[PDB]
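A quick write-up on the structure given underneath.
Number of protein chains: 2
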Amino acid sequence: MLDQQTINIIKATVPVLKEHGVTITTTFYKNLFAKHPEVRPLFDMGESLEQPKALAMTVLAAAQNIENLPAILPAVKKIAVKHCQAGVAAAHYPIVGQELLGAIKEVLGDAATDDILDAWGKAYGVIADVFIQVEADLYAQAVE
Amino acid sequence: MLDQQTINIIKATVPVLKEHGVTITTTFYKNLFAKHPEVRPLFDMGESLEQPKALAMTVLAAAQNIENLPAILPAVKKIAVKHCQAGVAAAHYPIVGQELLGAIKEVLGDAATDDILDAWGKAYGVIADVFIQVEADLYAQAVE
Ligand code: HEM
Ligand code: HEM
Numbered sequence: 376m377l378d379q380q381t382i383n384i385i386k387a388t389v390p391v392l393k394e395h396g397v398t399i400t401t402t403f404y405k406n407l408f409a410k411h412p413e414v415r416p417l418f419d420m421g422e423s424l425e426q427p428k429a430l431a432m433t434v435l436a437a438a439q440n441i442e443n444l445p446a447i448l449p450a451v452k453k454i455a456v457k458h459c460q461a462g463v464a465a466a467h468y469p470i471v472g473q474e475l476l477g478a479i480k481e482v483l484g485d486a487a488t489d490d491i492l493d494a495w496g497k498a499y500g501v502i503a504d505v506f507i508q509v510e511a512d513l514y515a516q517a518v519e
Numbered sequence: 376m377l378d379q380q381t382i383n384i385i386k387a388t389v390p391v392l393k394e395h396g397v398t399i400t401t402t403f404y405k406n407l408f409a410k411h412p413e414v415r416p417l418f419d420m421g422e423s424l425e426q427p428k429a430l431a432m433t434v435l436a437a438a439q440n441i442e443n444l445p446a447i448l449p450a451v452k453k454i455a456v457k458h459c460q461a462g463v464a465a466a467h468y469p470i471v472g473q474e475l476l477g478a479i480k481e482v483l484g485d486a487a488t489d490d491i492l493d494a495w496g497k498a499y500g501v502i503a504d505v506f507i508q509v510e511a512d513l514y515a516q517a518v519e
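Chains A and B are the protein sequences, given in the same order.
Taking my numbering, the leading residue of the first sequence gets 376, the next gets one more, and so forth.
Taking my numbering, the leading residue of the second sequence gets 376, the next gets one more, and so forth.
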């Protein structure tokens with residue numbers, strides 16, 4: 376699991392990121408859709424591409440609860456169902472992580488040291504691992 | 376969360392405990408029912424008291440997966456339903472922990488150093504916290 380200084384950075388910095396949420400969210404989606412065209416179809420409705428505006432902010436909310444992730448399971452389970460419906464794969468998670476971290480770097484500016492960015496990368500990984508595992512079991516559940 | 380040496384002890388020792396599973400299970404229940412009469416009603420059927428023989432071994436299985444606890448969620452969810460049905464409370468978990476650790480001490484004998492017992496206490500706490508949180512949400516779900 377995560378070490379203590381990692382958690383401290385997360386707990387210490389997540390309120391900063393939340394305060395600049397609109398920049399995180401919009402930079403995230405701008406870069407996600409531009410740099411990774413292959414994921415655009417999963418967001419295609421039906422007529423502009425959908426941007427589930429709570430995606431990045433929900434990562435931040437999970438990070439707030441990083442020491443008690445079971446507490447967010449009712450939300451995770453509901454999101455997992457939409458993910459499995461949409462076709463989200465474990466291999467997508469590093470792409471979302473990359474663009475989330477790019478958004479975080481933009482917001483933190485000067486305060487964006489390597490250790491703080493590394494901490495957020497580690498935290499995202501742990502959060503992503505929860506969804507991946509829950510969706511893996513949902514996918515397996517579907518062909519019973 | 377847990378530190379690395381804790382996890383090492385758990386990963387290193389859980390196979391030892393599994394090998395002596397029958398002693399863990401039977402010492403656990405003997406001491407649980409003798410020292411904590413108030414929990415006997417939750418195990419009362421209907422005609423001897425039920426001993427869900429997999430209780431302690433399931434803690435050990437969770438401990439095996441201590442770095443990916445989401446993986447055991449399908450099992451946890453099913454057990455949580457039985458717990459909420461039976462009337463299991465968050466305040467029961469320290470009692471089960473105490474008698475589990477007593478059983479572990481018995482099996483490890485000489486190898487039962489304070490650091491190894493402390494590690495198992497910490498690990499049980501994290502495992503217990505998962506069930507507690509899942510059952511808390513199930514209890515709340517019931518009065519919607
Ligand atoms: C920890 C990582 C992630 C979190 C916290 C997260 C969170 C969310 C949230 C809150 C929603 C809106 C759910 C709703 O209210 O219905 C959503 C939807 C969606 N997410 Fe994720 N997400 C994550 C990772 C990903 C990844 C890796 C992909 C891969 C492309 C992805 C693709 C989608 C898509 C396509 C939707 C729309 C579902 C629909 O419209 O039916 N997400 N996500
Ligand atoms: C991490 C801690 C625990 C684990 C891993 C665990 C595991 C289990 C398992 C595997 C079963 C059998 C489920 C089945 O196959 O139907 C069970 C049943 C049961 N457990 Fe737990 N348990 C834990 C904590 C507790 C606590 C704290 C209590 C408090 C008294 C408790 C009381 C019971 C009772 C009364 C049953 C019987 C349910 C029934 O017969 O309907 N357990 N537990």
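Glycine residues also receive a C-beta, built at the ideal position from the N, C-alpha and C atoms.
1. Any heavy atom of ligand 2 closer than 6 Å to the beta-carbon of B/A503?
2. Tell me where the alpha helix (DSSP H) around A/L483 begins and ends.
3. Which residues in chain A sit within 8 Å of B/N443, going by Cβ to Cβ distance?
4. Between the stretch 391 to 405 of chain B and the stretch 425 to 439 of chain B, can you find at least three pairs of beta-carbon atoms closer than 8 Å?
5. May I ask you to check if the CB of A/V414 is nearer than 6 Å to at least one heavy atom of ligand 2?
6. Identify, in the order they occur along the chain, each residue of the same chain with its Cβ nearer than 8 Å to the Cβ of B/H411, setting aside the five sequence neighbours on each side.
7. At which residues does the alpha helix (DSSP H) containing A/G496 begin and terminate?
8. Looking at B/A429 and ligand 2, is the gap between the Cβ and the nearest heavy atom below 6 Å?
9. Give the residues of chain A in contact with B/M376, contact being defined as C-beta atoms less than 7 Å apart.
10. Is there a Cβ of chain A sitting closer than 7 Å to that of B/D493, yes or no?
11. Taking 7 Å as the CB-CB cut-off, is A/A465 touching chain B?
12. What would DSSP say about B/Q379, mapped onto helix, strand or coil?
13. Do three or more CB pairs link the stretch 503 to 519 of chain A to the stretch 441 to 461 of chain B at distances below 8 Å?
According to the data block:
1. Because some heavy atom of ligand 2 lies under 6 Å away, the Cβ of B/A503 counts as near it: yes.
2. DSSP places A/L483 in the uninterrupted alpha helix (DSSP H) bounded by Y468 to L483.
3. What B/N443 touches in chain A, judged by beta-carbon distance under 8 Å, is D504 and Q508, going in chain order.
4. With a cut-off of 8 Å, the stretch 391 to 405 of chain B and the stretch 425 to 439 of chain B count as touching, because enough Cβ pairs lie within range.
5. In terms of side-chain proximity, the C-beta atom of A/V414 is found no nearer than 6 Å to any non-hydrogen atom of ligand 2.
6. Cβ neighbours of B/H411 beyond the five flanking positions: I470 and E474.
7. For A/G496, the uninterrupted alpha helix (DSSP H) run begins and ends at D489 to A517, by DSSP.
8. For B/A429, the shortest separation between its Cβ and any heavy atom of ligand 2 lies below 6 Å.
9. Those are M376, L377 and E442, listed as they occur along chain A.
10. No, no contact with chain A.
11. No - not a single Cβ of chain B is within 7 Å of the one on A/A465.
12. Assigned with DSSP and collapsed to three states, B/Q379 falls in helix.
13. They touch, by the three-pair rule.
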